[PDB]
């Protein structure tokens, strides 16, 4: 019954699938550095594809470096999962059932890799152990003198990507079950988001991190003490999404808020609004303590992965530790006991509010201070050179010197609040505070709504959308996910989500992307979550959840194959990815990808035949997967009906690439959804959206290669079918029958309703 790969090892998918994917979507290596500094024989200059002292060449090393980022991302989601699993089993028992909503195929990723269909917390243990076991084998391959072939590091990376989604799945399903998160809910409640949503008069407990476990005790303590309306509790990064999913299965009104993405961490701290900061792990700034300290904000480290060299008070009495923190004797402490954490953070917050108000703190510079520091600028250009976004700060200073703050006001949203610029300013100008002071107006308006993390896509939704997706009449699944390291501001994901929602694609989002998507409103003052329904449906926008919830996106695609197509999941990744690559239109977008976790997630999507567009900074990961559209033999598959080779259109033309601007990204994503098995109506529809979006965002003319995706007159966009038939005859020489208006000759690929395109020979009838 099961596929050929149960609990596979590193080589499991190598020859059967990965190498096939890698032959078409070729690794494009762009070194981030020309050297390797892994061991003492080095560093080695690998410029020009030279080999290191150990023998590995530049391409091999960069494959190795990308592989390292992937497994580091894989380990993050896994470590997260292991901690939730152990804690949750210890608190609620091994027999606690996995209640994730209306679905019978509960853990697709887990089932695919292990053949197991866990129904309880304890039943998930074997999958978690498998992942941890594989990660050790994978980290060992990063050691000098291990793999040297770029292509084999890529196969190892793709494999790790499949593991990442297993670990992410484990992470989210156990917390969805134990913490009563929404259950595949199309009507998950709208949560308020943005630095402007905070009630400055109330004490403010700010949490930054990923593991929501400790925060649940904070919230339980607040509810027990009737503090939910007296103080504010809001988070940054994933913990913000998960904490606002807590006990929301019944759709009760959210009482907590969400500040924003990782980009808001230094910005919210500099604002001085937080009274207490509690950090957990992952995507947590490394300068939080000294920054918090400037504004008398105590810092509590609640996870061993980040202790900041702070004194440990895990076994100390709460009252005394609170006195040490409120008095400012210590800037913060480590508190690893959850029972003590809840009370400590909430109480310290209530008590810190008055203390900090009495301190007479002026977080940002006064009007006078601003004018003075701006006048100090020497136009030396250092800040611009050090800015990761290459923002022209010297120009903004120049204009601000003469009362034109429009430049600084526009900079605010593009700036990622990293303060590299401040460290290089010889006049010691706190550049970030200059931007934030000038942006006060805009910040007060930073108020949006984000629909809570909904969880999985239900089997019911898969049955409703399965056929449509496969024929192509539903143009595809658009997944907007990932980090906020955008190159042009945070409104990009909004415009993109909107364009696609209006054209009726299925849009799902997670993490920082889900957050920013809800930070803007239209002329009527409505958010996209308000304008479009939250179901997994055409024209629907669903915030799947935190970054670990990305596992439900590949999970949904996997369920299309398992439920609609009735393919076997158990130990059968290759068949499932192959099915998706050939018949399920979809495209991911990680417009501001920055983290190692983003590389693993994207790589996981890739091994399942799902392409992804990343923002320009992503070019720094070192390895893209792009196909040569001009090489005929790169576009042939088998027809499972007979084993004969058959040609396929060049779609998608990549699996992992970068786009420069959001305007470019849109048409690229639309085109990326075209699939070999689209039926005639589906293709016509996909070609309509793509050709239209290409004209709208790239100059007004049609895509030069639009004709490469036409098998018959029925594939042609209906409204302009006439003019198009003309172009095919006119600029391509195709023979047309103007009586019935159809194509006689020209297409190199024929339409065949019964064809079974596959990259796997073993699935063919020979």
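Numbering follows the first chain given and starts at 1.
The stretch 401-409 shows the higher mean C-alpha B-factor when 129-137 is compared against 401-409 in the entry. Legend: mean Cα B-factor per stretch from the PDB entry, 543-551 versus 318-326; the higher mean is in 318-326. The PDB entry assigns its highest CA temperature factor, among 150, 558, 631, 164, to 631. The PDB entry assigns the greatest CA B-factor among 33, 58, 718, 29 to 718. Per the deposited record, the Cα B-factor of residue 577 falls in the lowest third when ranked against the other modelled residues of its chain.
Annotation for residue 495: C-alpha temperature factor in the middle third relative to the rest of the modelled chain, per the entry. Remark: residue 707 belongs to the highest third of its chain, ranked by C-alpha B-factor as recorded. Placement of the Cα temperature factor of residue 472 within the chain: middle third of the modelled residues, per the deposited record. Among all modelled residues in this chain, the alpha-carbon of residue 52 has a temperature factor (C-alpha) in the middle third.
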